[PDB]
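All remarks here apply to the structure that follows.
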Amino acid sequence: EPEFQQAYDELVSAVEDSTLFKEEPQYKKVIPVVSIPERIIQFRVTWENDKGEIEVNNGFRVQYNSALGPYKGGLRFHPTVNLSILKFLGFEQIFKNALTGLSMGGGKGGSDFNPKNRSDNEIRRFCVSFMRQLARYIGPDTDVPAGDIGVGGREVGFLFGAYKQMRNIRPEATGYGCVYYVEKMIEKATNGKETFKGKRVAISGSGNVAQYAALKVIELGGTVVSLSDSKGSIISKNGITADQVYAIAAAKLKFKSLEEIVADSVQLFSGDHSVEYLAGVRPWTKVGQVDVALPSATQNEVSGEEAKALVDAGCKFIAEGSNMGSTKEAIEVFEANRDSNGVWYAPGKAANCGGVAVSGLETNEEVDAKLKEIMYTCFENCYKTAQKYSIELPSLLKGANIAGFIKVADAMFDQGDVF
Amino acid sequence: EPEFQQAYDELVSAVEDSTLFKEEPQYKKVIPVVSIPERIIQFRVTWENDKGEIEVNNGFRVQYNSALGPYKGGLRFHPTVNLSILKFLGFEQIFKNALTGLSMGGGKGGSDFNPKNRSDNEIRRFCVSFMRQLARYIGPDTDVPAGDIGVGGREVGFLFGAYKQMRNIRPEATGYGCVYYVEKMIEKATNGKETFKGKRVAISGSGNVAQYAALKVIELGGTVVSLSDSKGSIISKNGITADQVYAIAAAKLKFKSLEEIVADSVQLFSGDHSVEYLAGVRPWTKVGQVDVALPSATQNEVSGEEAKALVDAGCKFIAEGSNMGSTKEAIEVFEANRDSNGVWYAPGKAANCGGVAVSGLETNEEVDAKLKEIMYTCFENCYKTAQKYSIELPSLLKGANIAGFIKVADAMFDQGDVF
Amino acid sequence: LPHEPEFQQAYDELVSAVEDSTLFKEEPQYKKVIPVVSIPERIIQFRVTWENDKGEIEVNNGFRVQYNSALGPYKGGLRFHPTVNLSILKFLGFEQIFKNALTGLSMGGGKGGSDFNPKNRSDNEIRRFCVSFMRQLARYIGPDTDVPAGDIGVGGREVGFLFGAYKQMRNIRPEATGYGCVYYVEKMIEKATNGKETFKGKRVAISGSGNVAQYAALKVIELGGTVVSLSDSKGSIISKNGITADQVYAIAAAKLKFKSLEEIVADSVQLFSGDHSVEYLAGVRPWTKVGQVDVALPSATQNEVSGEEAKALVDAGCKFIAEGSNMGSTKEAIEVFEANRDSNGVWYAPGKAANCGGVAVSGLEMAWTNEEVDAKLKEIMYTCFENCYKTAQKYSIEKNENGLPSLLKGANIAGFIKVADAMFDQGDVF
Amino acid sequence: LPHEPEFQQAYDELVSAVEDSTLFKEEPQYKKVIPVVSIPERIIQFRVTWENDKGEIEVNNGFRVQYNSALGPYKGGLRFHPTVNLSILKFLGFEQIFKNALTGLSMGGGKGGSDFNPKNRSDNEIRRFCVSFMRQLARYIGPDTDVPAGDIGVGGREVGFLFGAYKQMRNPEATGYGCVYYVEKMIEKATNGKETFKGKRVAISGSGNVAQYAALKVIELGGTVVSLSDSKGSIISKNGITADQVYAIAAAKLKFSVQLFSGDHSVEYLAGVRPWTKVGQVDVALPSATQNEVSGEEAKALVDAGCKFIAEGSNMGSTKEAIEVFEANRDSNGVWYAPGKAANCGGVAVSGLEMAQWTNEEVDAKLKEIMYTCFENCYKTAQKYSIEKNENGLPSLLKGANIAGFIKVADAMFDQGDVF
């Protein structure tokens with residue numbers, strides 16, 4: 006289970022490389038307990054396609070930790086889904102929810118069911134079968150699933166219908199929250215002198231996180247210099263416009279390559295705001311001078327090589343929109359140059375918690401303001417916690438890890454789950 | 006999951022290399038359905054040792070297939086236990102129970118909890134915690150666990166106490199049944215002329231299966247020429263006596279090496295019935311002329327090399343006491359020389375089903401007779417089924438595999454679990 | 003099919019109202035819903051055995067029709083009345099689906115009760131029956147599953163007994196409906212006359228004398244109309260100056276004792292003979308016996324306006340009709356009213372839109395002062411009227427038919443569309 | 003009260019049979035039971051939504067009538083047939099109460115099913131409906147609560163699908198043989214042992230399970246099966262129908287043969303006609319097709335044809351006028367009528383003994405014993421409470437069976453405080 010093991014190693018090494026276990030050695034007891042999920046449920050999901058042929062998939066619910074509240078997490082319908090990936094995701098979710106400051110436990114679930122190029126009837130039949138097999142283990146006071154990759158309004162509606170028969191404002195949250203967190207990062211690191219205004223921001227990925235992160239970077243006066251997808255990156259020098267982002271969203275809903283989308287809308291991507299697409303390359307090295315980096319595509323998408331490239335490019339802020347976007351080497355690079363070059367790295371579990379925070383809160397202005405405040409409180413928590421337990430700018434990695442760990446561990450001790 | 010995958014490959018290739026899918030192609034639908042377990046439950050088991058320190062283990066219940074009846078299977082408390090091994094064991098258990106002719110589904114569970122060198126209080130605390138975490142998913146009409154490696158009368162008593170507070191004749195079965203199956207094998211292959219009388223029988227392992235298999239070989243007039251354990255084998259030429267077997271049982275209850283047991287009881291193992299111990303070697307090559315081979319230790323303990331050695335040694339009957347004791351190459355060797363050299367191989371899922379059959383039936397004479405008849409019916413089933421679907430002595434491997442598959446698949450079709 | 007005439011009438015009304023529009027042309031997927039929604043999700047009959055004060059065993063039937071849960075938990079009353087059977091409760095729950103839909107509240111459709119006759123029953127017998135009935139029903143209700151409320155035969159006392167039994171086992192209303200109906204007709208008049216006219220100075224013919232009719236008449240008075248009639252199972256009463264509030268309260272107090280209108284005009288000679296005298300016509304409905312009349316509010320029972328009486332009302336100058344009772348107008352009456360809509364400006368509104376005030380206030384009960399609740403009911407009925415109007419216009423087959431739009435088709439289609447969208451989202455229809 | 007004609011016929015038959023007796027005089031407490039037991043303890047209607055092979059949505063009604071549990075858990079079949087509604091299932095469950103009572107087994111009364119039509123449906127469609135129906139019904143059944151079994155439209159395949167759905171969620194000759202055994206004891210009593218089924222002309226209607234195995238048992242005992250029928254026509258023979266013809270008819274009716291039906295064993299098919307008038311002189315009549323398949327005219331025709339024994343294989347096979355005819359000629363011409371609730375209880379009795387679970397011989401012997409005990413019970417009970425009290429004649433088996441079942445159910449209901 007390499008992805009989970011990488012996340013576990015990041016959190017553990019961030020906690021041990023601190024005064025936490027020296028100041029309170031009781032926290033030493035928590036590591037082997039919390040890291041083992043409270044419950045995992047695999048189940049066969051048998052359904053019927055439109056051809057009347059039998060289809061079989063695996064469904065999972067990883068209820069990892071409930072110390073802070075009921076298990077909370079998404080459902081992912083995607084062929085890449087297995088116990089290992091969902092273990093990694095739920096493990097991250099524990100501390101992500103901890104850092105949102107809400108009473109939300111950690112969990113994650115889903116299925117290797119592939120809804121792409123599937124009729125609405127086939128999706129409905131799978132949803133019915135999956136919810137019939139899963140409803141035994143969820144509820145509002147037990148386990149709250151939400152939508153994720155492959156589970157949208159349609160899937161949620163069908164799932165809800167099955168659940169009901171049996172028992173007889192999200193899209194921008196993550197990206198906006200990430201950008202608000204980096205807003206507070208810049209504000210703190212420069213004593214209020216600098217903001218996102220006039221900051222070159224290199225973003226990877228083209229999904230929900232990256233899209234709305236770029237939109238908020240634009241709104242705050244930054245210049246979005248890059249996006250990417252599974253096949254290549256796109257780079258601009260004037261900054262990507264909001265109209266280009268909306269077009270990319272509409273086209274990615276059709277599952278179209280960035281190559282094909284800049285081909286199909288030449289006028290929007292070729293005028294004053296033209297963009298260059300390089301296939302098979304990550305944007306980090308291909309953007310020159312850049313101030314902020316927001317990897318918002320997948321895990322391990324920033325190598326140590328690319329981290330050094332970003333540092334040499336004048337990058338002073340990096341925050342993960344995606345889950346565990348930076349490799350171990352990239353994080354080592356960023357942290358090594360923290361006190362010397364002022365390059366500040368923030369892990370995903372703190373930056374991208376906006377989505378799950380908004381889900382926990384579930395008008396547009398009220399929700400946006402509460403998410404803003406939640407991300408600001410999360411940043412202050414990471415900062416002060418890193419300062420309080422600093423062995424030697431404070432490390433936001435260690436800050437976030439220790440903060441989430443401490444909240445979860447205090448809960449677990451109070452409830453006698455660790456002793 | 007290599008062990009499960011090996012078992013799956015054995016069953017699948019045995020079924021495809023037959024007229025089954027040609028005579029009834031509907032059975033083609035079952036393979037991808039049955040092989041995915043109906044439900045798997047992982048759960049943290051938190052308990053307290055005598056030192057007041059917190060211990061954590063993983064507990065599993067693999068409810069693989071319930072088409073023939075409620076899930077039925079053992080609980081194994083041993084550090085080697087994980088989802089993969091229990092998947093392999095429950096997958097085998099499906100068809101093993103199918104071949105017992107009883108209405109028993111397939112399942113297997115347990116924990117990596119190591120009860121060795123553990124106080125009765127620590128075992129009790131773990132049992133309480135494990136049953137509290139597992140009772141949610143078992144019952145007499147849902148899932149019946151029984152005892153296995155690491156779960157004995159004491160563990161069962163503690164588990165039962167926890168279950169009761171919450172809801173407010192086995193040892194010889196497997197070996198005796200295996201030997202009865204080989205009795206019918208010899209009787210059929212020689213038109214009643216030959217029995218176990220005067221047959222040199224090479225047995226591996228020294229646990230429950232091997233012990234009682236050797237005792238029944240003795241009782242029927244055979245000569246037990248070998249036993250083994252994790253460190254070495256022991257070989258005799260006059261045949262191992264019942265007293266030596268009882269001594270080895272008493273000593274293995276103390277977790278003592280065969281080396282150390284033949285050291286500690288020189289008089290019993292050095293007189294007329296002396297035995298030679300060779301460390302780090304399997305007995306198959308070191309016994310000379312041998313008629314019957316009963317691997318009763320672990321999976322993949324007979325290589326193709328050792329299979330050819332057995333065939334060259336005049337071995338005409340091989341039957342697995344252990345689960346999947348023969349490697350793919352060994353089975354290929356045995357089956358290749360079946361029609362030419364008359365060497366007959368029987369897979370574990372048919373030979374060692376005696377234990378689970380007796381558990382399904384749950395005086396000594398009545399139980400022994402019913403187990404005898406169940407194994408005889410199992411042999412007749414394997415034989416006639418192999419004959420009915422022979423592409424070209431009939432193959433008992435293909436016989437047993439196709440018989441179990443057909444019973445399970447007919448159940449699954451009747452219940453609409455496959456279509 | 004079993005003989006379910008009232009349910010079938012309601013079903014035919016809704017179906018024909020939906021088909022006679024561009025709805026199935028604009029979105030043909032809605033074609034699938036009719037045969038699905040019309041079959042109740044669940045019906046529970048159960049024997050209710052209880053004991054009278056003489057120690058003798060009494061037996062009744064109890065029913066719960068949980069019809070549709072697409073918009074929310076089943077919501078509806080419990081009716082303890084000897085006329086109650088599966089057929090009537092099917093009709094009522096079917097109406098309840100769309101009635102709740104038009105309140106704009108997240109309330110499913112349901113209705114239940116028993117043929118138990120609480121008339122001439124001691125409090126102890128009522129308590130014993132409530133205990134037995136609730137012990138037999140509680141397995142199938144809950145705050146997140148099915149919310150029963152009070153209706154005919156189920157009042158504060160019955161609700162108290164039922165709740166006590168439920169609690170042991172599982173371990191303002193009266194004016195809402197009539198006031199809401201009259202508010203709906205207020206918006207009808209206001210819209211049909213471009214704000215020039217209200218209920219002020221309107222002759223309004225009401226049938227029935229129960230809670231619905233009583234408070235409808237009271238609200239007609241308050242707004243300046245003249246209530247020219249009331250009625251009951253035995254006869255009608257007609258006045259020329261309008262029935263007074265004191266007369267309505269007297270009829271309410273006496274109807275609590277199950278007194279005929281003849282009996283009550285005999286018992287209170289002084290109150291019913293002065294300037295505000297009234298003539299009692301036995302065995303007759305008031306529609307033909309009130310002369311020229313502007314508004315008609317049948318608020319007694321189903322099928323209480325015949326086609327003859329509908330034409331009589333039209334000839335009497337009736338320009339507004341809205342059902343206080345469930346399905347008060349016969350199919351022939353509705354045909355008459357709708358035929359005179361575009362020509363004579365005769366506007367008919369079905370019960371499922373007009374009488375939803377009670378269940379709307381009950382839904383707000385699930386979620394205050396008398397004034398606040400009255401305002402919220404006022405708002406709900408106004409939104410219900412606007413919805414019927416705008417929806418009828420949106421799906422009018424007669425293109426830009428600049429006359430009056432059909433409120434029948436409006437209400438039916440609005441409730442249907444909300445329910446069907448819910449059922450599609452949840453996979454109850456596909 | 004709703005229009006429930008079949009239920010009302012069954013209720014009226016039982017009530018009038020009980021009142022025309024000394025029962026309410028000797029023990030007037032039973033007067034209290036009639037209005038209680040006749041009201042079902044519970045009825046559950048539910049929508050059953052499923053999907054046909056074209057992917058289109060189909061909707062049906064499913065019912066479970068748990069009528070009376072005084073003697074034990076609700077027991078009865080599931081019927082999948084378009085004619086199925088609340089009224090028919092009320093009628094069937096009401097009959098089932100006393101039918102189970104007369105088996106002497108601790109079995110309550112219940113019946114369920116759906117208007118689902120399995121006729122032109124693929125196994126996939128039948129599976130989808132069975133899954134949907136069982137998902138909607140399982141909440142209200144159980145081994146200690148309510149045990150459904152097979153009936154019209156519910157066979158091995160449907161039962162397999164239903165059981166599979168239930169397992170995922172909660173994690193043949195009996196009737197006809199029993200009917201023939203009952204008529205065996207009828208003849209044995211009416212002729213003081215001199216006559217049996219040997220050499221009796223026996224006219225059977227229907228061609229389903231009941232009629233088929235009734236004809237086979239008549240053959241085994243030496244009788245001559247002179248007719249069969251179905252919803253579309255009748256078949257008549259004069260030499261007697263052979264067992265092979267019955268097996269052929271069974272195989273073909275499971276699928277919904288000139289040589290077998292043209293030799294010595296030739297048969298005449300009369301379309302659109304019931305066999306009662308078209309068999310000439312006949313001794314025993316076994317209506318085994320559907321309810322109300324013997325009109326008063328056909329009953330009088332049977333009596334004039336010398337029929338002295340009539341027993342219902344189907345549920346309530348005789349119309350009220352036919353029963354009046356049979357009972358009127360009882361004391362004079364020795365015409366003996368036995369209602370279905372006593373004769374056709376063999377199926378549910380064997381189902382209850384399988385609930386208790394045997395070889396074919398053991399089950400056949402216990403079914404024989406149960407039917408013999410049922411006949412003796414009807415006889416003795418009719419005699420004990422006979423208002424007539426004329427040993428110059430035969431006692432009413434109708435009143436016998438009705439009063440016996442009523443008494444057992446009512447005593448159970450009294451003991452448990454369900455009546456007082």
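Residue numbers (the deposited numbering), protein chains in the order written: chain C, 6 to 173, 191 to 384, 395 to 424, 430 to 456; chain C', 6 to 173, 191 to 384, 395 to 424, 430 to 456; chain A, 3 to 173, 191 to 386, 394 to 456; chain B, 3 to 173, 193 to 277, 287 to 387, 394 to 456. A prime marks a further copy of an entry chain.
All residues carry an ideal CB built from backbone N, CA and C; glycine is no exception.
Among the residues of its own chain, which have a CB less than 6 Å from the CB of residue i, if the five just before and after it don't count?
i	result
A272/C'	none
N119/C'	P84
Taking only beta-carbon atoms, is residue i less than 8 Å away from chain C?
i	result
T147/A	yes
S279/A	no
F456/A	yes
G57/B	yes
Excluding the 5 residues flanking residue i on each side, which residues of the same chain have their C-beta closer than 7 Å to its C-beta?
i	result
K444/B	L73, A103
Mind listing the chain A neighbours of residue i? Cutoff is C-beta to C-beta under 7 Å, in chain order.
i	result
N63/B	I41
Spatial neighbours of residue i within its chain, please: CB distance less than 8 Å, with the 5 preceding and 5 following residues excluded, ordered by chain position.
i	result
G347/B	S226, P317, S318, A319, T320, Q321, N322, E323, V324, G370
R130/C'	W52, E53, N54
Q47/C'	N63, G64, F65, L88
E282/C'	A273
Quick one: does residue i have its CB under 8 Å from some CB of chain B?
i	result
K113/A	no
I45/A	yes
Please report whether the beta-carbon of residue i lies at a distance below 8 Å from any beta-carbon of chain C'.
i	result
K221/B	no
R129/B	yes
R137/C	no
Which residues of chain A have a Cβ atom closer than 8 Å to the Cβ of residue i, listed in chain order?
i	result
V201/B	Those do not exist, as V201/B stays about 36 Å from chain A at its closest Cβ, beyond 8 Å.
Could one say the Cβ of residue i lies closer than 8 Å to chain A's Cβ atoms, at least one of them?
i	result
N54/C	no
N126/C	yes
If the cut is a Cβ gap below 9 Å, which residues of chain C does residue i touch?
i	result
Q11/A	Those within 9 Å of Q11/A in chain C number zero; the least Cβ separation is about 29 Å.
Going along chain C, which residues have a C-beta under 8 Å from residue i?
i	result
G453/A	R129, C132, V133, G162, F163, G166, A167
For this session: Evaluate contact between the stretch 163 to 173 of chain B and the stretch 223 to 240 of chain B, counting only Cβ atoms and requiring at least three cross-stretch pairs below 8 Å.
Result: The stretch 163 to 173 of chain B makes no contact with the stretch 223 to 240 of chain B: fewer than 3 CB pairs, one atom from each, lie closer than 8 Å.
Exercise. Are at least three pairs of beta-carbons, each pair with one atom in the stretch 90 to 105 of chain C' and one in the stretch 120 to 135 of chain C', less than 8 Å apart?
Worked result: For the pair of segments examined, the stretch 90 to 105 of chain C' was found not to touch the stretch 120 to 135 of chain C': the number of CB pairs separated by less than 8 Å stays below three.
Exercise. What are the uninterrupted segments assigned as beta strand (DSSP E) that are 3 or more residues long and contained completely in the stretch 338 to 366 of chain A, given in chain order?
Worked result: Within the stretch 338 to 366 of chain A, the complete beta strand (DSSP E) segments at least 3 residues long are 339 to 341, listed from N- to C-terminus.
Problem set entry | Residues of the stretch 25 to 41 of chain B whose Cβ lies closer than 7 Å to any Cβ of chain E, in chain order | In the structure shown, chain E cannot be found, because the protein chains are C, C', A and B.
Problem set entry | the stretch 400 to 408 of chain B / the stretch 426 to 441 of chain B touching (three or more Cβ pairs under 8 Å) | Counting C-beta pairs with one atom in each stretch, the stretch 400 to 408 of chain B and the stretch 426 to 441 of chain B have fewer than three that are closer than 8 Å, which means they do not touch.
For this session: Answer yes if the stretch 334 to 345 of chain A comes into contact with the stretch 153 to 167 of chain A, meaning at least three C-beta pairs across the two stretches below 8 Å, and no otherwise.
Result: The stretch 153 to 167 of chain A, when compared against the stretch 334 to 345 of chain A, does not touch it at the 8 Å Cβ threshold.
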